Every structure is written in C-alpha cells, then in structure tokens.
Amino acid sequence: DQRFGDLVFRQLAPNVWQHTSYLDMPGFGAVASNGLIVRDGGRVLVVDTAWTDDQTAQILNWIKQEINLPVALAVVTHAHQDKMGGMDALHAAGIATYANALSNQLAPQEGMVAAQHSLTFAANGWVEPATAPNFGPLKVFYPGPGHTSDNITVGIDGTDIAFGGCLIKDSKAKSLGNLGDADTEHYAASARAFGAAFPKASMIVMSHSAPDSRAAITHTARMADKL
C-alpha cells in the first residue's frame, strides 16, 4: 500500500507490517520478496532482510520514519539472497542478528553474510528458548527440510499471523519454485509441520505472494506430495 524508495510496506495488524523489496531477474523483471516488521512495546523486531544491503538500509529508514523505535534484533529464515542479502546493513546499524545455526553454516557457500547468533531447535522443531532471548511475540519453529535444508518459520503470538518464508507458496501457485536446494522427499511433511505448529493462524504470510489463507499450506503440501 505504502511506497518508500523502491520498497513497499503494508500494515497487516496493529503492530505488524510486511516489507517488500524487488530484484530484477534476467528475463522476468522485478521479483518481490516479503519480510515482516513487528513493534513489541518500545522496540522493533525484523524478520528477514531485503535482497540487498541498500534495500535493507531503506527498511531501517522506513522504520525510523513510521515507527521511530530502535530495532532490537532481526531473525532471518534461511541463507538465500532474498532473506539474508542485507546482513551487512543490519550489522552496520548495530542490530543483533539471529538465524538457524544451519543457515549460518551454509551462508558462506551461499554467498551470504552469516548472522551473529545461532538458533538451535528441539526434536519437535521448536526453538531452544536459551538461543532466542527476548524474542517478544516471535515464536520460531523449524519445520524440517523443504525449500532449503535450513528454512525456519515464525509465528507472531497474539495475532492470527504465521510467516512461512519461502517454504509456503500461495494457494494458486503453479510450482514449488526452484528445487535445486529443495528436500523433495521431506517438503510435504515440512509444510504440514509448519501448519501444525501454528494450528490457529489464519493469515499465512509468505515470501513471494501476498498473505493468504491456510489453503496456501494445504496446496503447498499437495504440490510437494507429487514430488
């Protein structure tokens, strides 16, 4: 709804905004990637960078203008350019960054800058609380390998919102996207584990489509069933 530089920002809930940045892909044009911004009391929480450091500095600029609270931390949901391409801008701003330990391990070979802190997960997928200090309403869940081996998801406590990142596609999508890094054998179970971990969430936020209903989860799982 709201333009700011080349970025776009839309409010989803009282204290929740989706940030959107675009990268030109050869032979297609502008590809959208979405993350989240969350106001928790007198601090801001960011889920995912933009594609670039410049775009990510613009997210911080927008936060300063529209919210005017410091950014306490950022969580990034896997080690790909659309989620972690802007890590340097976060670190330059003095923001504490968090990622799945596996994302941090993969980040060098994926061409990304690793986050400063590492999240680890229990066998049921939930983040170990000790690795995720003062995450406010952010509930962080590792659903298993799918889009990548490291992809994680975030629900926002007190809202109807759960963020699937690039794991989940919208209910009208045609493909699961590029399968180069994908765990085709476990994708279906991982999508359904995300759905089961946030069983009441009704607004499913994702990386490359506008928010959808839980049919996005069912349809994504249904596509993966065929792989």
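Residue indices: 1-based, along the sequence shown. For the two forms, the rigid core is made up of the largest set of C-alpha atoms that agree within 1.5 Å on superposition.
**Q** Out of 19-27 and 212-220, which shows the greater rigid core-aligned C-alpha deviation in 4 other deposited structures of this protein?
**A** After the core superposition, the stretch with higher RMS deviation in 4 other deposited structures of this protein is 19-27.
**Q** Line up the rigid core: which moves more in 4 other deposited structures of this protein, 179-187 or 158-166, by C-alpha RMS?
**A** Between 179-187 and 158-166, greater C-alpha deviation in 4 other deposited structures of this protein belongs to 179-187.
**Q** With reference to the PDB entry, specify whether the mean Cα temperature factor is higher for 183-191 or for 166-174.
**A** Higher mean C-alpha B-factor in the PDB entry: 166-174.
**Q** What stretch has the higher average Cα B-factor here, 157-165 or 51-59?
**A** According to the entry, 157-165 carries the higher average C-alpha B-factor.
**Q** For the CA B factor values reported in this entry, which option in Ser21, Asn15, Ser207, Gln18 has the top one?
**A** Most elevated C-alpha B-factor of the set, per the entry: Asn15.
**Q** Based on what the PDB entry reports, which of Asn124, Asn134, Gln109, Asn151 has the top C-alpha B-factor?
**A** Answer for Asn124, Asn134, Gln109, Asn151: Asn134, with the highest C-alpha B-factor.
**Q** With respect to C-alpha B-factor, does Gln116 fall in the lowest, middle or highest third of the chain as deposited?
**A** Highest third of the chain for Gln116's C-alpha B-factor.
**Q** Would you mind checking where the Cα B-factor of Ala32 ranks among the modelled residues of its chain, as the lowest, middle or highest third?
**A** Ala32: CA B-factor falls in the middle third of its chain.
**Q** Using the B-factors in the PDB entry, rank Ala196's C-alpha atom against the chain and give the third, lowest, middle or highest.
**A** It belongs to the lowest third of the chain when residues are ordered by C-alpha B-factor.
**Q** Compare the C-alpha B factor of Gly94 with those of the other modelled residues in its chain, then answer lowest, middle or highest third.
**A** As the PDB entry reports it, the C-alpha B-factor of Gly94 lands in the highest third of its chain.
**Q** Just say lowest, middle or highest third for the CA B-factor of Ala74 relative to the other modelled residues in its chain.
**A** CA B-factor rank for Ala74: lowest third.
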